[PDB]
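Report on the following structure.
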Amino acid sequence: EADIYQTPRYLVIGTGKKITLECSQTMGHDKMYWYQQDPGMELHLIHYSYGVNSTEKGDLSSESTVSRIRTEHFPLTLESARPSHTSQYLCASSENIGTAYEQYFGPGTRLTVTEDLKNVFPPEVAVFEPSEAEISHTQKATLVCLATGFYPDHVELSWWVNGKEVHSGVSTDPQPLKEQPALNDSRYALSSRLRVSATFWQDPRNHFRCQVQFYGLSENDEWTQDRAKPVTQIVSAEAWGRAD
Amino acid sequence: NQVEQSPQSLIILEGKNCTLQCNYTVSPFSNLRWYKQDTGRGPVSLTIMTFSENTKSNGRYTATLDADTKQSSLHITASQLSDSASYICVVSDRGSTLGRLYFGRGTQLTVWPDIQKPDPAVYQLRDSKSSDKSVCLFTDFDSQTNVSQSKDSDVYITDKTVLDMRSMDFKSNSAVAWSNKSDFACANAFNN
């Protein structure tokens, strides 16, 4: 049973570091693959294995390495980190008999190579109460949340109402935004909207909280700047229903 | 060896039954698969065909394999915005053991909502916590509307994003924008 398990799903790393993405399959599939798809492009197989002790490349210019010491593990690796590697990473495995089945559910590993790491910044969450106008006229309140000044593009926003993460009446920007596009290392920004019935918004017992999961550094990484160490964490902003 | 997919990009509305095709150049075949990779997520096995006909269903999905096997078509019925994703057609040189799969660049599928009883409008929102900054929101506009991008270094504008209020069976698009005070007003913003 069980599917596949890639880890980490998120991680920021400074050039020159030894990265070792890992993924395993509780399905016994002998065949495993490793795809990479830069942003705005399709899948490109880089490494594949038919089983233990078998390692094969798809794109001669890979720069990464793999090891199939076990049937369950096919961990990929990139000795020295480089900003050219910055992209997504998909681990794959396929059935062994009959009409080949394939499931590289591998949620993927979001990788971020940073030219030195003093360029890591957490987000600044902020919620905005609905325009009374919208309400009077529409009779529906729409809350907005804004993630600002955060690098790298590794976040997961969520809205919690009275203690429950909701999905209905919610829409986030599929793609974040660059505050200084002029910079290839420009800090990002992301918005999100939540809509409900005015009546619901007007009730002061109703609690609203826009949660944001940020994936920064690990407690071990070396930090020296005169500011808090941008470690993987969470930032939130909340609001309360008000009649007015 | 050569996997050809078309269209390459597409945009449609709900309730509509779309279809797309695949063509290629491989010596032998055995498996033909269609996936539904989502933004930042990994692909999904929707179907796998063999020398077995040009018809296999799975819910609102319908695959179709060419007789001589030179092209296939994935027929989708009553489109749902949740289906909006890129789909890849992948073939393989037969061999559950020694067969390689060639993916197609795919086709970015896009699904907008049915715009019935529209009502475009821009609202200025105030900060929950006392501050001097704010944001303008444009909402309830037909999907056909296009959201121009600030292009103004100091202004930030998000692309339209739809949300669905199941409880009320309502779906409304909406784009936001904001700046760092000064020469800013919901009027000039979102201006063509």
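Numbering starts fresh at 1 for the residues of each chain in the structure tokens, the chains themselves are lettered A, B, ... in the order given, and ligands are numbered from 1 as they appear.
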> Can you list, as a VMD selection string, every protein, DNA or RNA residue that comes within 6 Å of residue 94 (chain A) when you count only C-alpha atoms, leaving out same-chain residues fewer than 4 positions away?
Replying inline: chain A and resid 29 31 101 to 103
What does the file look like for those residues with C-alpha atoms, as a PDB file, in the first residue's frame?
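Contents of out33.pdb, as written:
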```
ATOM      1  CA  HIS A  29       8.361  -0.603  -8.002  1.00  0.00           C
ATOM      2  CA  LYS A  31      11.535   1.529 -11.881  1.00  0.00           C
ATOM      3  CA  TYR A 101       1.044   1.646 -14.396  1.00  0.00           C
ATOM      4  CA  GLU A 102       2.743   4.837 -13.330  1.00  0.00           C
ATOM      5  CA  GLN A 103       2.349   7.160 -10.386  1.00  0.00           C
TER       6      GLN A 103
END
```
>> What's around residue 76 (chain B) at 9 Å? Count only C-alpha atoms, leave out sequence neighbours fewer than 2 positions away in its own chain, and write the answer as a ChimeraX atom specification.
In response: /B:16-20,59-63,74,78-79
Residues from last step as file, C-alpha atoms, as a compact mmCIF listing (two decimals), in the first residue's frame:
```txt
# COMPACT_ATOMS: atom_id res chain seq x y z
CA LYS B 16 -18.77 22.71 -22.10
CA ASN B 17 -17.53 19.40 -23.51
CA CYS B 18 -13.99 19.86 -24.81
CA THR B 19 -11.61 17.42 -26.52
CA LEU B 20 -7.98 17.43 -27.63
CA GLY B 59 -16.14 9.76 -15.09
CA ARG B 60 -16.17 12.96 -17.16
CA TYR B 61 -13.15 11.78 -19.12
CA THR B 62 -13.09 9.87 -22.39
CA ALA B 63 -9.94 8.67 -24.12
CA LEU B 74 -9.27 12.93 -24.74
CA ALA B 78 -19.39 19.12 -18.66
CA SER B 79 -16.20 20.98 -17.81
```
Within 7 Å of chain A: residues of chain B, using only C-alpha atoms, as a CSV table (one decimal) with N, CA and C atoms, in the first residue's frame:
```csv
chain,number,residue,atom,x,y,z
B,31,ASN,N,1.3,1.4,-24.4
B,31,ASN,CA,0.6,2.2,-23.5
B,31,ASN,C,0.5,3.6,-24.0
B,41,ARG,N,2.1,21.1,-9.0
B,41,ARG,CA,1.9,19.7,-8.5
B,41,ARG,C,2.4,18.7,-9.5
B,42,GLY,N,2.5,17.4,-9.1
B,42,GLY,CA,2.9,16.4,-10.0
B,42,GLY,C,1.7,15.8,-10.7
B,43,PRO,N,1.9,15.4,-12.0
B,43,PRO,CA,0.9,14.7,-12.9
B,43,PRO,C,0.0,13.7,-12.2
B,45,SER,N,-2.4,10.1,-13.3
B,45,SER,CA,-2.8,9.1,-14.3
B,45,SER,C,-4.3,9.1,-14.5
B,96,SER,N,6.9,-3.3,-19.9
B,96,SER,CA,6.7,-2.9,-18.5
B,96,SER,C,8.1,-2.9,-17.8
B,97,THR,N,9.1,-3.4,-18.5
B,97,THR,CA,10.4,-3.5,-18.0
B,97,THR,C,11.4,-2.6,-18.8
B,105,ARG,N,4.5,18.2,-24.8
B,105,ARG,CA,4.6,19.4,-24.1
B,105,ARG,C,3.3,19.8,-23.4
B,123,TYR,N,-14.0,48.4,-5.1
B,123,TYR,CA,-14.2,48.8,-3.7
B,123,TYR,C,-12.9,49.1,-3.0
B,124,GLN,N,-12.9,50.1,-2.2
B,124,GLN,CA,-11.7,50.5,-1.4
B,124,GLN,C,-11.8,49.8,-0.1
B,125,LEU,N,-10.8,49.1,0.4
B,125,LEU,CA,-10.8,48.4,1.7
B,125,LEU,C,-9.9,49.1,2.6
B,126,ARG,N,-10.3,49.1,3.9
B,126,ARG,CA,-9.5,49.7,5.0
B,126,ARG,C,-8.7,48.6,5.8
B,127,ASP,N,-7.6,49.0,6.3
B,127,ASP,CA,-6.8,48.1,7.1
B,127,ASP,C,-7.5,47.7,8.4
B,128,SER,N,-7.5,46.4,8.8
B,128,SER,CA,-8.1,45.9,10.0
B,128,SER,C,-7.5,46.7,11.2
B,161,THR,N,-9.0,36.3,-10.0
B,161,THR,CA,-9.0,35.0,-9.3
B,161,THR,C,-10.5,34.8,-8.9
B,162,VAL,N,-11.0,33.6,-9.2
B,162,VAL,CA,-12.3,33.3,-8.9
B,162,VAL,C,-12.5,32.5,-7.6
B,163,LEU,N,-13.5,32.7,-6.9
B,163,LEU,CA,-13.8,32.0,-5.6
B,163,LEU,C,-15.3,31.5,-5.7
B,164,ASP,N,-15.6,30.4,-5.1
B,164,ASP,CA,-16.9,29.9,-5.2
B,164,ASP,C,-17.6,29.7,-3.8
B,165,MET,N,-18.8,30.3,-3.6
B,165,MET,CA,-19.5,30.2,-2.4
B,165,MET,C,-20.6,29.1,-2.6
B,166,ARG,N,-20.2,27.9,-2.4
B,166,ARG,CA,-21.1,26.7,-2.6
B,166,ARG,C,-22.4,26.9,-1.9
```
> Which neighbours of residue 5 (chain A) fall inside 7 Å, counting only C-alpha atoms, when residues of the same chain fewer than 3 positions from it are skipped, and could you give them as a PyMOL selection string?
Replying inline: chain A and resi 23-25+106
Please, could you write that set of residues out with N, CA and C atoms as a PDB file, in the first residue's frame?
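Full text of out.pdb as output:
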```
ATOM      1  N   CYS A  23      13.508  10.627  -1.836  1.00  0.00           N
ATOM      2  CA  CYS A  23      12.154  10.141  -2.021  1.00  0.00           C
ATOM      3  C   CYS A  23      12.172   8.627  -2.023  1.00  0.00           C
ATOM      4  N   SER A  24      11.116   8.047  -1.463  1.00  0.00           N
ATOM      5  CA  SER A  24      10.974   6.603  -1.358  1.00  0.00           C
ATOM      6  C   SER A  24       9.578   6.112  -1.729  1.00  0.00           C
ATOM      7  N   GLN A  25       9.499   4.858  -2.161  1.00  0.00           N
ATOM      8  CA  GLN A  25       8.237   4.263  -2.579  1.00  0.00           C
ATOM      9  C   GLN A  25       7.878   2.981  -1.850  1.00  0.00           C
ATOM     10  N   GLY A 106       4.894  11.880  -6.333  1.00  0.00           N
ATOM     11  CA  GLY A 106       5.912  12.677  -5.683  1.00  0.00           C
ATOM     12  C   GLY A 106       5.497  14.131  -5.674  1.00  0.00           C
TER      13      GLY A 106
END
```
> Just asking: which residues within region 66-150 of chain A are strand (DSSP E or B) according to DSSP, as an MDAnalysis selection string?
Replying inline: chainID A and resid 66 73 76:78 88:94 102 109:114 121 127:129 140:150
Could you write those residues out with N, CA, C and O atoms, as a short mmCIF file (atom, residue, chain, number, x, y, z; two decimals), in the first residue's frame?
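Below is the file that was written, again.cif:
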```cif
data_model
loop_
_atom_site.label_atom_id
_atom_site.label_comp_id
_atom_site.auth_asym_id
_atom_site.auth_seq_id
_atom_site.Cartn_x
_atom_site.Cartn_y
_atom_site.Cartn_z
N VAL A 66 22.50 10.32 -8.43
CA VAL A 66 21.53 9.49 -7.73
C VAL A 66 22.17 8.19 -7.29
O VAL A 66 23.24 7.82 -7.77
N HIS A 73 14.45 3.39 -1.94
CA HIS A 73 15.03 4.73 -2.04
C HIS A 73 15.84 5.03 -3.29
O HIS A 73 16.70 4.25 -3.71
N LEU A 76 17.98 11.78 -4.93
CA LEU A 76 18.74 12.57 -5.88
C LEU A 76 19.71 13.48 -5.14
O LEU A 76 19.51 13.78 -3.96
N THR A 77 20.75 13.93 -5.83
CA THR A 77 21.76 14.77 -5.20
C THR A 77 22.46 15.75 -6.14
O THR A 77 22.70 15.45 -7.31
N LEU A 78 22.80 16.91 -5.60
CA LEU A 78 23.50 17.95 -6.34
C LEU A 78 24.65 18.43 -5.46
O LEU A 78 24.44 19.26 -4.57
N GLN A 88 11.54 23.09 -9.96
CA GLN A 88 10.83 22.01 -9.28
C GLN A 88 11.50 20.65 -9.50
O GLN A 88 12.30 20.49 -10.42
N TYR A 89 11.16 19.67 -8.66
CA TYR A 89 11.76 18.34 -8.77
C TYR A 89 10.78 17.21 -8.50
O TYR A 89 10.29 17.05 -7.38
N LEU A 90 10.53 16.40 -9.52
CA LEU A 90 9.58 15.29 -9.40
C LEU A 90 10.18 13.90 -9.45
O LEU A 90 10.89 13.54 -10.40
N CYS A 91 9.86 13.12 -8.43
CA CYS A 91 10.31 11.75 -8.25
C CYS A 91 9.20 10.81 -8.73
O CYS A 91 8.04 10.94 -8.32
N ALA A 92 9.57 9.87 -9.59
CA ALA A 92 8.60 8.95 -10.18
C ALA A 92 8.87 7.47 -10.00
O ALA A 92 10.01 7.04 -9.85
N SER A 93 7.80 6.68 -10.04
CA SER A 93 7.89 5.23 -9.93
C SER A 93 6.74 4.62 -10.72
O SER A 93 5.64 5.16 -10.72
N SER A 94 7.00 3.50 -11.38
CA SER A 94 5.96 2.85 -12.17
C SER A 94 5.76 1.40 -11.79
O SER A 94 6.67 0.74 -11.28
N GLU A 102 1.74 3.90 -13.77
CA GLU A 102 2.74 4.84 -13.33
C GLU A 102 2.14 5.89 -12.43
O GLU A 102 1.10 6.46 -12.74
N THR A 109 9.70 18.55 -4.95
CA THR A 109 10.57 19.29 -4.06
C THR A 109 10.81 20.65 -4.67
O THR A 109 11.38 20.77 -5.76
N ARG A 110 10.34 21.68 -3.98
CA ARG A 110 10.52 23.04 -4.44
C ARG A 110 11.90 23.47 -3.96
O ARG A 110 12.15 23.53 -2.75
N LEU A 111 12.79 23.74 -4.90
CA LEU A 111 14.15 24.13 -4.58
C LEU A 111 14.50 25.58 -4.90
O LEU A 111 14.18 26.08 -5.98
N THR A 112 15.18 26.24 -3.96
CA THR A 112 15.59 27.63 -4.15
C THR A 112 17.07 27.84 -3.82
O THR A 112 17.48 27.72 -2.66
N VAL A 113 17.86 28.15 -4.84
CA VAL A 113 19.29 28.41 -4.69
C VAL A 113 19.44 29.91 -4.53
O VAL A 113 19.03 30.67 -5.40
N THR A 114 20.05 30.33 -3.43
CA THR A 114 20.22 31.76 -3.18
C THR A 114 21.67 32.19 -3.20
O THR A 114 22.52 31.57 -2.57
N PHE A 121 13.75 36.49 3.40
CA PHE A 121 12.85 37.30 4.21
C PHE A 121 11.48 36.68 4.34
O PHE A 121 10.89 36.24 3.36
N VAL A 127 -4.55 41.69 6.94
CA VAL A 127 -5.92 41.49 6.47
C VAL A 127 -6.62 42.83 6.30
O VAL A 127 -6.25 43.81 6.95
N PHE A 128 -7.63 42.88 5.44
CA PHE A 128 -8.38 44.11 5.22
C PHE A 128 -9.88 43.90 5.27
O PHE A 128 -10.44 43.15 4.46
N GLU A 129 -10.52 44.56 6.22
CA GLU A 129 -11.96 44.47 6.40
C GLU A 129 -12.66 45.00 5.15
O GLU A 129 -12.19 45.95 4.52
N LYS A 140 -22.45 41.15 0.85
CA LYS A 140 -21.43 40.12 0.96
C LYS A 140 -20.08 40.79 1.22
O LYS A 140 -19.69 41.71 0.50
N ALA A 141 -19.38 40.32 2.25
CA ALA A 141 -18.08 40.87 2.62
C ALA A 141 -16.91 40.05 2.10
O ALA A 141 -16.90 38.82 2.20
N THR A 142 -15.92 40.74 1.54
CA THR A 142 -14.74 40.08 0.99
C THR A 142 -13.47 40.56 1.69
O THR A 142 -13.08 41.72 1.55
N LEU A 143 -12.84 39.66 2.43
CA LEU A 143 -11.62 39.98 3.15
C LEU A 143 -10.40 39.71 2.29
O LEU A 143 -10.38 38.76 1.50
N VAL A 144 -9.38 40.54 2.44
CA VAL A 144 -8.16 40.36 1.66
C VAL A 144 -6.95 40.22 2.57
O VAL A 144 -6.84 40.91 3.59
N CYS A 145 -6.05 39.33 2.19
CA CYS A 145 -4.84 39.08 2.95
C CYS A 145 -3.66 39.36 2.03
O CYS A 145 -3.69 39.00 0.85
N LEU A 146 -2.62 39.98 2.56
CA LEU A 146 -1.46 40.31 1.76
C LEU A 146 -0.14 39.89 2.36
O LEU A 146 0.26 40.37 3.42
N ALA A 147 0.55 38.99 1.66
CA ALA A 147 1.85 38.53 2.08
C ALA A 147 2.83 39.46 1.38
O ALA A 147 2.81 39.58 0.16
N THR A 148 3.68 40.13 2.16
CA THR A 148 4.61 41.06 1.56
C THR A 148 6.05 40.87 1.99
O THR A 148 6.33 40.33 3.07
N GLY A 149 6.95 41.32 1.13
CA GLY A 149 8.38 41.22 1.41
C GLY A 149 8.87 39.88 1.91
O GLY A 149 9.42 39.78 3.01
N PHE A 150 8.67 38.84 1.12
CA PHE A 150 9.13 37.52 1.51
C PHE A 150 9.82 36.86 0.33
O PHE A 150 9.33 36.92 -0.80
#
```
> What's the 12 Å shell around residue 182 (chain B), counting only C-alpha atoms, without same-chain residues fewer than 4 positions away, as a count of residues only?
Replying inline: 6
>> Between CA of residue 48 (chain A) and CA of residue 101 (chain B), what is the distance in Å, rounded to a tenth?
In response: 11.7 Å
>> To test your reading of the structure, identify every residue in region 4-205 of chain A that backbone DSSP assigns to alpha helix (DSSP H), and report it as number ranges by chain.
In response: A: 132-138, 198-202
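Between residue 102 (chain B) and the residues B:25, B:57, B:69, B:8, the shortest atom-to-atom distance, using only C-alpha atoms, involves B:25.
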>> Please report the interatomic distance between CA of residue 28 (chain A) and CA of residue 95 (chain B) in Å with one decimal.
In response: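 Taking CA of residue 28 (chain A) and CA of residue 95 (chain B), their separation equals 17.7 Å.
Minimum distance to residue 207 (chain A) across A:188, A:151, A:160, A:223 (counting only C-alpha atoms) occurs at A:160.
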> If we count only C-alpha atoms, what is near residue 30 (chain B) at a cut-off of 8 Å, once residues fewer than 5 positions away on the same chain are taken out, given as JSON, numbers by chain?
Replying inline: {"A": [99], "B": [49, 50, 51, 91, 92, 93, 94, 95]}
> When you draw a straight line from CA of residue 8 (chain A) to CA of residue 21 (chain A), how long is it in Å?
Replying inline: 6.9 Å
>> When you count only C-alpha atoms, which of these residues is closest to residue 142 (chain B): B:121, B:32, B:157, B:98?
In response: B:121
>> Applying 12 Å and only C-alpha atoms, which residues near region 21-23 of chain B remain after dropping the ones on its own chain fewer than 3 positions away? List them as a ChimeraX atom specification.
In response: /B:1-8,18,26,32-34,62-66,68-76,87-91,102-107
Residues just named, written with C-alpha atoms as a short mmCIF file (atom, residue, chain, number, x, y, z; two decimals), in the first residue's frame:
```cif
data_model
loop_
_atom_site.label_atom_id
_atom_site.label_comp_id
_atom_site.auth_asym_id
_atom_site.auth_seq_id
_atom_site.Cartn_x
_atom_site.Cartn_y
_atom_site.Cartn_z
CA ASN B 1 10.07 9.70 -30.41
CA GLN B 2 7.95 12.68 -31.40
CA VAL B 3 4.85 13.38 -29.33
CA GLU B 4 2.55 16.02 -30.82
CA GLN B 5 -0.23 17.61 -28.79
CA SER B 6 -2.77 20.24 -29.72
CA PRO B 7 -4.01 22.67 -29.00
CA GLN B 8 -1.19 23.97 -26.89
CA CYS B 18 -13.99 19.86 -24.81
CA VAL B 26 7.27 5.77 -32.11
CA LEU B 32 -0.90 5.63 -24.08
CA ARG B 33 -1.54 7.82 -21.11
CA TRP B 34 -3.16 11.11 -20.32
CA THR B 62 -13.09 9.87 -22.39
CA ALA B 63 -9.94 8.67 -24.12
CA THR B 64 -9.72 7.62 -27.76
CA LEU B 65 -7.00 5.59 -29.43
CA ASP B 66 -6.43 5.62 -33.19
CA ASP B 68 -3.52 1.92 -36.41
CA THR B 69 -2.56 3.92 -33.34
CA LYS B 70 -1.24 7.17 -34.78
CA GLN B 71 -3.35 9.60 -32.75
CA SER B 72 -5.61 9.85 -29.70
CA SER B 73 -8.22 12.21 -28.29
CA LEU B 74 -9.27 12.93 -24.74
CA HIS B 75 -12.94 13.90 -24.61
CA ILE B 76 -14.04 15.72 -21.46
CA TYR B 87 -2.74 17.72 -19.67
CA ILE B 88 0.07 15.56 -20.99
CA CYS B 89 -0.14 12.75 -23.50
CA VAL B 90 2.57 10.18 -22.92
CA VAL B 91 3.42 7.12 -25.02
CA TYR B 102 7.76 10.22 -24.28
CA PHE B 103 5.70 13.08 -22.90
CA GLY B 104 4.05 15.78 -24.95
CA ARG B 105 4.63 19.45 -24.12
CA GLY B 106 0.95 19.28 -23.28
CA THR B 107 -1.89 21.75 -23.51
#
```
>> Neighbouring residues of residue 112 (chain B) were defined as those with any atom within 7 Å, considering only C-alpha atoms; residues of the same chain fewer than 4 positions away were excluded. Please report them as an MDAnalysis selection string.
In response: chainID B and resid 12:14 81 143
> A:118, A:18, A:9, A:164: which is nearest residue 215 (chain A), counting only C-alpha atoms?
Replying inline: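 Closest residue, counting only C-alpha atoms: A:9.
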